[PDB]
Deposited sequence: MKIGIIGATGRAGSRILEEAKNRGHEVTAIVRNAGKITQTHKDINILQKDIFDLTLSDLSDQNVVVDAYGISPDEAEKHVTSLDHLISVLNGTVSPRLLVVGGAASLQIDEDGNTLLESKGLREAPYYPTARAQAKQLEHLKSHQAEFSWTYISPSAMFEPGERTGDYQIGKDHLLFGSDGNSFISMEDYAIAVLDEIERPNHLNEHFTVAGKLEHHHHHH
């Protein structure tokens, strides 16, 4: 299965990618700089492109696009905005599934209000395209919940959809 990961360098996206590759999928790392990744990812596909420059063309190459944006401080202020871009680009489609990864609480993923905003914006296009927003059960601390466990959940939802077009928090 073709899975593209935006933010394949950060904490969350890094494992999501591993877990994906390990489960036997064709993983594409979508990043700003092939810097960090190349050294380690010498077998997986790479599309060097910032999220904001992504066009439907390079997205529809994938069956699923994991939005794990937020690898640095600046990306931390552009969450709601970058998702908006993907939403308009993905509109009127079922082409790739857009899986958005959050992290309810140094933390470069969506903030509490930023997330709520994305969700409000997603609901404005409830049925206009294929999306899913995933939240972790408890809390991660750099090495309750492990990031790799979150990746397992993320990939479970990709292989066996249970939350098509809705937000949901991991359970158990």
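Missing stretches, numbered from 1 on the deposited chain sequence and kept in order: Several regions go unmodelled: 106-124, 163-183, 213-221.
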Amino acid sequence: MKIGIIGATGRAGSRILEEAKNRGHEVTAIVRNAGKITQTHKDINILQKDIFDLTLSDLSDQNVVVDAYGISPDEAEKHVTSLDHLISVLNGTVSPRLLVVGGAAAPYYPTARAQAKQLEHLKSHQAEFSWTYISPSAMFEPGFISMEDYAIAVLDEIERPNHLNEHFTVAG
From here on, numbers count along this sequence of modelled residues.
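Per the entry, higher mean C-alpha B factor between 111-119 and 125-133: Higher mean C-alpha B-factor in the PDB entry: 111-119.
Once you work out the mean C-alpha B-factor for both 30-38 and 58-66 from the entry, which is higher? Of 30-38 and 58-66, the stretch with the higher C-alpha B-factor average is 30-38.
Lowest, middle or highest third - CA B-factor, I71: Tercile = highest for this residue's CA B-factor.
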